[PDB]
Structures are given as structure tokens and as C-alpha cells.
Amino acid sequence: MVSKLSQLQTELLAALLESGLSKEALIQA
Amino acid sequence: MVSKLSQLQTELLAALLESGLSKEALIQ
């Protein structure tokens, strides 16, 4: 069900939050 | 003011939303 694109998005979203980006900033952008 | 890490985060955010990820998933 999950495409390579969705898997890459999932992994980058996770890496962004682990790197310190706030959920609020995540939201705005 | 903006570090390399912050700049990379900004660029990846841009790219994620342009790729089609919803703001809702983004926030979740």
C-alpha cells in the first residue's frame, strides 16, 4: 500500500523532528 | 543567524510539502 515516495516522506519527516525541528514549525511550513 | 542545520531543515520542509505530503501529516 505504501509507495517508495511515501516511505521516503515518512523517513524524512521523522529525521526532521529528531534533528530538532519543532512540530509547530513543521506545521507552518 | 541561521545555521547550516536550520537551513537544511528549511530546505527539506520545502521539499516535503512540494512532494505532496499534507500539512496535517506533517504536524502529526
# chains A, B, ... in the order shown; residues from 1 in each chain; ligands from 1

call {"tool": "closest_atom_pairs", "arguments": {"of": "chain A", "to": "chain B", "cutoff": "6 Å", "atoms": "only C-alpha atoms", "output": "tab-separated table"}}
result
residue	atom	partner	partner_atom	distance
A:23	CA	B:27	CA	5.6
A:26	CA	B:27	CA	5.8
A:27	CA	B:27	CA	4.8

call {"tool": "write_last_selection", "arguments": {"atoms": "N, CA and C atoms", "output": "PDB file, in the first residue's frame"}}
result
ATOM      1  N   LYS A  23       7.330  20.805  16.121  1.00  0.00           N
ATOM      2  CA  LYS A  23       6.129  20.374  15.415  1.00  0.00           C
ATOM      3  C   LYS A  23       5.431  21.624  14.856  1.00  0.00           C
ATOM      4  N   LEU A  26       7.080  22.675  11.752  1.00  0.00           N
ATOM      5  CA  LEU A  26       6.726  21.617  10.805  1.00  0.00           C
ATOM      6  C   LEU A  26       5.384  21.935  10.167  1.00  0.00           C
ATOM      7  N   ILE A  27       4.433  22.323  11.016  1.00  0.00           N
ATOM      8  CA  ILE A  27       3.058  22.716  10.659  1.00  0.00           C
ATOM      9  C   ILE A  27       2.938  23.907   9.696  1.00  0.00           C
TER      10      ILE A  27
END

call {"tool": "atom_distance", "arguments": {"atom1": "atom CA of residue 11 of chain A", "atom2": "atom CA of residue 25 of chain A"}}
result
17.6 Å

call {"tool": "select_by_dssp", "arguments": {"residues": "chain A", "states": "alpha helix (DSSP H)", "output": "PyMOL selection string"}}
result
chain A and resi 4-18+23-28
